[PDB]
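To start, the structure under review is shown below, and the notes come after it.
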Amino acid sequence: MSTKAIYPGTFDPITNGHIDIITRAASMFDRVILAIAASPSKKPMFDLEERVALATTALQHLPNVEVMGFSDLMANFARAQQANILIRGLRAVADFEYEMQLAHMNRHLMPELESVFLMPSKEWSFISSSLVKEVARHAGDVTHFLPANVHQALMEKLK
Amino acid sequence: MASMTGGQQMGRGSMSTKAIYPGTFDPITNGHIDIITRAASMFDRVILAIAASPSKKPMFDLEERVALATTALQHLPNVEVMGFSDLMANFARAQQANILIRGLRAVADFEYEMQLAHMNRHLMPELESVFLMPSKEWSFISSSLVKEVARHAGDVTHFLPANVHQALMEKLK
């Protein structure tokens, strides 16, 4: 019957690469929550409210997607939301190791939650939030990597 | 609204899913059974696609591979087992599949996996590759390793379903 997936992240801010991942996931699962980490250990450029607002606008056109902040154990959030799937984008070899480690822990914490991995499109295969910010901080053109609403929000933050 | 549109795959909610999980499965292990059990839990239908003519000559022929797997997975109602002798993207297309299951064991594989996924996007845009990590229990096993342990009389009963374990013992006298 139903599939409900969580796509967790800091999304600081959401990029076209994230948008690609969640568009693909929302085509394969009945519902998807974009789960935005409230309190990441490194303080974000955008607070949770901004991160959530930006992502909501960017994903508004996807009918079975909902954007939410969260501040607890992912196992507890997924359990609270009755999710049975966890989506991760998988850009780098470095990230794979870490994600396999969290997956195993998540299996221990919540056996009924299956973790699922998608590779990024070749177009978005080298972009991250961090990189786009760095480029944009020194006036590089990043219009290709962000939706308009996010782009304007980033420009404002750097002025 | 059929007389206006047949419908697109993207941006319109959830769609019927049919996945293929290709491999040589020579023979199918508990690791393989775990991957397909997981995928079968999240997708409507799953086809275990067994490669007819792998580059390295397999210990079990296609017929044996297909029979063992069919038995091992018969308790999963939405799974079927087929041989195939094509590109995995062509088989997917023939089979009207939209999902490609890949197990992701090792870091050494990841680059290769990404590259094959880019090739498959190029060959069949509508086919989505989906990656599952193996359970910690099966993380270090492979058909090849189980065969080589078994050849020299190591105990591999933990790693295989019973039908396969028996077939394997027969192959090794």
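Identifiers in the structure tokens: chain A, B, ... in order shown; residue index from 1 per chain; ligand index from 1 in order shown.
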
Give one line per residue of chain B that approaches chain A to at most 6 Å, naming the two atoms of the closest pair and their distance in Å to one decimal, counting only C-alpha atoms; sort by chain then ascending residue number and deliver it as a Markdown table.
| residue | atom | partner | partner_atom | distance |
| --- | --- | --- | --- | --- |
| B:10 | CA | A:27 | CA | 5.9 |
| B:11 | CA | A:62 | CA | 5.3 |
| B:13 | CA | A:64 | CA | 5.4 |
| B:14 | CA | A:30 | CA | 4.7 |
| B:130 | CA | A:118 | CA | 5.5 |
| B:131 | CA | A:117 | CA | 4.8 |
| B:132 | CA | A:116 | CA | 5.7 |

For the structure I just gave you, how does DSSP split stretch 7-171 of chain B - specifically, which residues are alpha helix (DSSP H)? Reply as a count of residues only. 67

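Within the 10 Å cut-off around residue A:11, using only C-alpha atoms and omitting residues fewer than 3 positions from it on the same chain, the listed residues are residues 8, 14, 15, 18, 34, 35, 36, 37, 44, 46, 48, 51, 52, 54, 55, 128, 129 and 130 of chain A.
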
Counting only C-alpha atoms, the option among B:124, B:48, B:156, B:81 closest to residue B:94: B:124

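Of note, atom CA of residue A:56 and atom CA of residue B:39 are spaced 29.3 Å apart.
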
So that I can check the secondary structure, give me every residue of stretch 15-108 of chain B assigned strand (DSSP E or B) by backbone DSSP, as a ChimeraX atom specification. /B:18-23,45-51,79-84,99-103

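Residues surrounding stretch 23-30 of chain B within 6 Å are residues 32, 33, 50, 51, 60, 143, 159 and 160 of chain B [only C-alpha atoms; sequence separation below 2 positions excluded].
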
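Distance annotation: of B:141, B:68, B:162, B:89, the residue with the minimal separation from residue B:31 is B:141; atom set is only C-alpha atoms.
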
Just the residues within 7 Å of residue A:146, please, counting only C-alpha atoms, with nothing from its chain fewer than 4 positions along; format it as number ranges by chain. A: 15-16, 142, 150-151

For those residues, write N, CA and C atoms to a file as an mmCIF file, in the first residue's frame.
data_model
loop_
_atom_site.group_PDB
_atom_site.id
_atom_site.type_symbol
_atom_site.label_atom_id
_atom_site.label_comp_id
_atom_site.auth_asym_id
_atom_site.auth_seq_id
_atom_site.Cartn_x
_atom_site.Cartn_y
_atom_site.Cartn_z
ATOM 1 N N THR A 15 19.044 23.552 -3.494
ATOM 2 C CA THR A 15 19.602 23.755 -4.824
ATOM 3 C C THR A 15 18.808 22.925 -5.830
ATOM 4 N N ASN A 16 19.127 23.128 -7.109
ATOM 5 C CA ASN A 16 18.519 22.380 -8.191
ATOM 6 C C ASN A 16 18.811 20.893 -8.058
ATOM 7 N N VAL A 142 25.843 31.940 -10.240
ATOM 8 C CA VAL A 142 25.259 30.689 -9.770
ATOM 9 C C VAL A 142 23.779 30.616 -10.146
ATOM 10 N N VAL A 150 15.199 31.204 -4.459
ATOM 11 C CA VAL A 150 16.395 30.956 -3.665
ATOM 12 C C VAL A 150 17.516 31.891 -4.130
ATOM 13 N N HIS A 151 17.640 32.091 -5.447
ATOM 14 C CA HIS A 151 18.724 32.901 -5.977
ATOM 15 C C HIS A 151 18.654 34.311 -5.385
#

Which neighbours of residue B:73 fall inside 12 Å, counting only C-alpha atoms, when residues of the same chain fewer than 3 positions from it are skipped, and could you give them as number ranges by chain? B: 28-30, 32-37, 40, 46-48, 66-70, 76-81, 161, 163-164

Preceding selection exported with C-alpha atoms as an mmCIF file, in the first residue's frame:
data_model
loop_
_atom_site.group_PDB
_atom_site.id
_atom_site.type_symbol
_atom_site.label_atom_id
_atom_site.label_comp_id
_atom_site.auth_asym_id
_atom_site.auth_seq_id
_atom_site.Cartn_x
_atom_site.Cartn_y
_atom_site.Cartn_z
ATOM 1 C CA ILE B 28 21.914 -16.205 -5.398
ATOM 2 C CA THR B 29 23.023 -15.506 -1.748
ATOM 3 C CA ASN B 30 21.231 -14.295 1.390
ATOM 4 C CA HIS B 32 20.744 -10.886 -2.771
ATOM 5 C CA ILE B 33 17.560 -12.157 -1.085
ATOM 6 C CA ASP B 34 17.779 -9.323 1.459
ATOM 7 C CA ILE B 35 18.168 -6.647 -1.244
ATOM 8 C CA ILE B 36 15.240 -7.892 -3.292
ATOM 9 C CA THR B 37 13.052 -8.388 -0.199
ATOM 10 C CA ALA B 40 9.869 -5.672 -3.115
ATOM 11 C CA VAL B 46 10.319 -6.573 -8.858
ATOM 12 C CA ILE B 47 12.010 -8.731 -11.517
ATOM 13 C CA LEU B 48 15.223 -10.508 -10.580
ATOM 14 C CA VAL B 66 16.985 -19.206 -12.608
ATOM 15 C CA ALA B 67 15.609 -22.333 -10.920
ATOM 16 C CA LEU B 68 17.501 -21.809 -7.636
ATOM 17 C CA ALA B 69 16.476 -18.138 -7.448
ATOM 18 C CA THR B 70 12.823 -18.870 -8.347
ATOM 19 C CA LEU B 76 7.599 -13.001 -2.252
ATOM 20 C CA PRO B 77 4.310 -12.571 -4.192
ATOM 21 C CA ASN B 78 5.345 -9.473 -6.223
ATOM 22 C CA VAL B 79 8.750 -10.855 -7.355
ATOM 23 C CA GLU B 80 9.455 -12.807 -10.560
ATOM 24 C CA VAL B 81 12.695 -14.339 -11.898
ATOM 25 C CA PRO B 161 19.214 -20.573 1.436
ATOM 26 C CA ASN B 163 18.259 -25.099 -1.859
ATOM 27 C CA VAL B 164 21.322 -23.190 -3.023
#

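Rounded to one decimal, atom CA of residue B:86 and atom CA of residue B:122 lie 16.2 Å from each other.
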
Just the residues within 10 Å of residue B:169, please, counting only C-alpha atoms, with nothing from its chain fewer than 5 positions along; format it as a ChimeraX atom specification. /B:147,150-151,153,164

Selected residues, N, CA and C atoms, written as a compact mmCIF listing (two decimals), in the first residue's frame, please.
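Once everything was written out, this is again_30.txt:
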# COMPACT_ATOMS: atom_id res chain seq x y z
N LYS B 147 31.63 -19.26 -2.90
CA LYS B 147 32.09 -20.37 -3.72
C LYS B 147 33.49 -20.82 -3.32
N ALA B 150 33.66 -22.50 0.01
CA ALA B 150 32.96 -23.78 -0.05
C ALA B 150 33.81 -24.83 -0.75
N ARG B 151 34.59 -24.39 -1.74
CA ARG B 151 35.48 -25.25 -2.51
C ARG B 151 36.44 -25.97 -1.56
N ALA B 153 35.95 -26.33 1.64
CA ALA B 153 35.28 -27.00 2.75
C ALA B 153 34.94 -26.07 3.92
N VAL B 164 20.11 -23.58 -2.33
CA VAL B 164 21.32 -23.19 -3.02
C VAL B 164 22.51 -23.90 -2.40
